[PDB]
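Step one of this worksheet: look at the structure below.
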Amino acid sequence: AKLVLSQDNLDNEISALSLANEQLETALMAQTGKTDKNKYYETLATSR
Amino acid sequence: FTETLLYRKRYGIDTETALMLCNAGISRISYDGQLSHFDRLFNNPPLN
């Protein structure tokens with residue numbers, strides 16, 4: 001619903017795997033409440 | 001502009017490298033829907 005229709009969104013190529021990674025990061029960081037990225041990979045460094 | 005054409009004529013370079021030889025700044029802004037020169041220089045991929 002937020003998505004904008006543009007010629008750039010239609011033409012430009014992105015990595016689909018990077019889009020999947022972003023889609024998972026924006027949910028996990030919203031669950032943990034932390035807004036930083038590298039802080040989340042630091043707290044993911046130790047988790048089991 | 002004519003230095004840009006000359007510095008592309010000799011050395012056989014891309015035109016943006018010839019512009020960077022011609023004392024032009026690094027563009028943060030994406031040109032023609034790709035990675036910008038700042039991002040393709042530094043954040044392709046972002047380090048860690």
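If you're wondering about the labels, chains in the structure tokens are A, B, ... by order shown, residues count from 1 in each chain, ligands from 1 in order shown.
The part of chain B that reaches within 9 Å of chain A is made up of residues 32, 33, 34 and 48 of chain B, counting only C-alpha atoms.
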**Contacts of range 1-16 of chain B within 12 Å, only C-alpha atoms, excl. fewer than 6 positions in-chain, as a VMD selection string** = chain B and resid 22 to 27 31 36 to 37
Can I get the selected residues back with C-alpha atoms, as an mmCIF file, in the first residue's frame?
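Wrote it out as selection_38.cif, contents follow:
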data_model
loop_
_atom_site.group_PDB
_atom_site.id
_atom_site.type_symbol
_atom_site.label_atom_id
_atom_site.label_comp_id
_atom_site.auth_asym_id
_atom_site.auth_seq_id
_atom_site.Cartn_x
_atom_site.Cartn_y
_atom_site.Cartn_z
ATOM 1 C CA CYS B 22 38.362 17.237 -14.547
ATOM 2 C CA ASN B 23 37.866 18.314 -10.891
ATOM 3 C CA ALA B 24 34.209 17.357 -10.479
ATOM 4 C CA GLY B 25 32.619 16.283 -7.225
ATOM 5 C CA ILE B 26 31.402 12.821 -6.315
ATOM 6 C CA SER B 27 27.662 12.579 -6.915
ATOM 7 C CA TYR B 31 22.016 8.843 -12.390
ATOM 8 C CA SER B 36 25.359 6.378 -7.628
ATOM 9 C CA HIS B 37 29.086 7.025 -7.855
#
**Prompt:** How would you write, as a PyMOL selection string, the set of residues in chain A that DSSP gives as helix (DSSP H, G or I)?
**Reply:** chain A and resi 7-11+16-32+38-44
Restrict the selected residues to C-alpha atoms and save them as a CSV table (one decimal), in the first residue's frame.
chain,number,residue,atom,x,y,z
A,7,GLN,CA,9.5,4.4,-14.2
A,8,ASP,CA,12.5,3.8,-11.9
A,9,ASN,CA,10.7,1.1,-10.0
A,10,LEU,CA,9.6,-0.5,-13.3
A,11,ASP,CA,13.0,-0.3,-15.0
A,16,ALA,CA,16.0,-10.2,-5.1
A,17,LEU,CA,18.0,-11.8,-2.2
A,18,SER,CA,18.8,-8.4,-0.9
A,19,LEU,CA,15.2,-7.5,-1.0
A,20,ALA,CA,14.3,-10.6,1.0
A,21,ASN,CA,17.0,-9.7,3.5
A,22,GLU,CA,15.6,-6.2,3.9
A,23,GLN,CA,12.1,-7.6,4.3
A,24,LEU,CA,13.3,-9.9,7.1
A,25,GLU,CA,15.4,-7.2,8.8
A,26,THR,CA,12.5,-4.7,8.9
A,27,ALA,CA,10.4,-7.2,10.8
A,28,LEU,CA,13.1,-8.5,13.2
A,29,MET,CA,14.3,-5.0,14.2
A,30,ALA,CA,10.7,-4.0,14.7
A,31,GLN,CA,10.2,-6.9,17.0
A,32,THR,CA,13.3,-6.2,19.1
A,38,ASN,CA,24.9,-3.3,13.2
A,39,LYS,CA,23.8,-3.3,16.8
A,40,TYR,CA,21.3,-6.0,15.8
A,41,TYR,CA,24.0,-8.1,14.2
A,42,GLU,CA,26.0,-7.7,17.3
A,43,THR,CA,23.2,-8.9,19.4
A,44,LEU,CA,22.6,-11.7,16.8
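Taking CA of residue 47 in chain A and CA of residue 46 in chain B as endpoints, the distance between them is 23.2 Å.
CA of residue 28 in chain B is positioned 9.7 Å from CA of residue 40 in chain B.
As for CA of residue 30 in chain B and CA of residue 36 in chain A, they are spaced 24.4 Å apart.
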